[PDB]
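Each of the two blocks below gives one form of the same protein chain as structure tokens; they are labelled structure 1 and structure 2.
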Structure 1
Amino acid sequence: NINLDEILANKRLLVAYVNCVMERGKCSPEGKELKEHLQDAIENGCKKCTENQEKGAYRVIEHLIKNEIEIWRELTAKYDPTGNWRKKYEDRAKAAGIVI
């Protein structure tokens, strides 16, 4: 059943997915693969990502910055503790109007 629109539209789906990404909860069939895209974006700026994959990752990255800034602070800290991409994405967000 799981989507990328569902994930964002339903806080529960969102939480499950984030727990899947933080590796502290079970992943759904698709959470399993989506997690790969998101880790890569935060870990290495989506180097290995195909077009769709990059779009989807920034899609949720931006949604975290705007609606779950704490989930975002933990995501980056966990996979990019050296800050190689946290500020680039936050700048892309700000550019978009998302403050803080």
Structure 2
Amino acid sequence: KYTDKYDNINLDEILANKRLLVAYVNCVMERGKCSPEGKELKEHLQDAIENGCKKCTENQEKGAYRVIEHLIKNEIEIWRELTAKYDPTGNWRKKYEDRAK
């Protein structure tokens, strides 16, 4: 089971501040420095894609959808690079895009 120690981080504040959001994106894309939380996310994202969040907490599932919907609607280029890197066979791309729409 993934740790819940970072589960009280306010995702709304991150999504509303481009500088904060880009820091996490560059970390997960393996082109920028990581915060402790960013490193933890980077280290579990591939696994979560392979098993549909089987080890995610309820807060992580809810938070993943919040972040993903925001990217699909407002940061298309970021969404595309993330899904291409972590989900190259497209297990979830159409499913999340359909929900967002």
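Each residue is numbered by where it sits in the sequence of structure 1, with counting from 1. Take the two forms, superpose them, and find the largest set of C-alpha atoms that agree within 1.5 Å; that set is the rigid core.
A.B. asks: With both forms fitted on the core, check whether the Cα of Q53 differs by 2 Å or more between structures 1 and 2.
C.D. replies: False for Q53: its C-alpha shift is below 2 Å.
A.B. asks: Taking 2 Å as the cut-off, check whether the CA of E74 shifts that much or more between structures 1 and 2 after a rigid core fit.
C.D. replies: Where the cores coincide, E74 shows only a C-alpha shift between structures 1 and 2 that is less than 2 Å.
A.B. asks: Is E62 one of the residues whose Cα moves 2 Å or more between structures 1 and 2, with the core superposed?
C.D. replies: Comparing forms between structures 1 and 2, the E62 CA shifts below 2 Å.
A.B. asks: Cα of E6: shift between structures 1 and 2 in Å, core-fitted?
C.D. replies: So the C-alpha of this residue moves 2.2 Å.
A.B. asks: Give the C-alpha shift of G83 between structures 1 and 2, in Å, after superposing the two forms on their rigid core.
C.D. replies: Core-aligned C-alpha shift comes out at 0.5 Å.
A.B. asks: What is the Cα shift of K35 between structures 1 and 2 once the core is superposed, in angstrom?
C.D. replies: Core-aligned C-alpha shift comes out at 4.1 Å.
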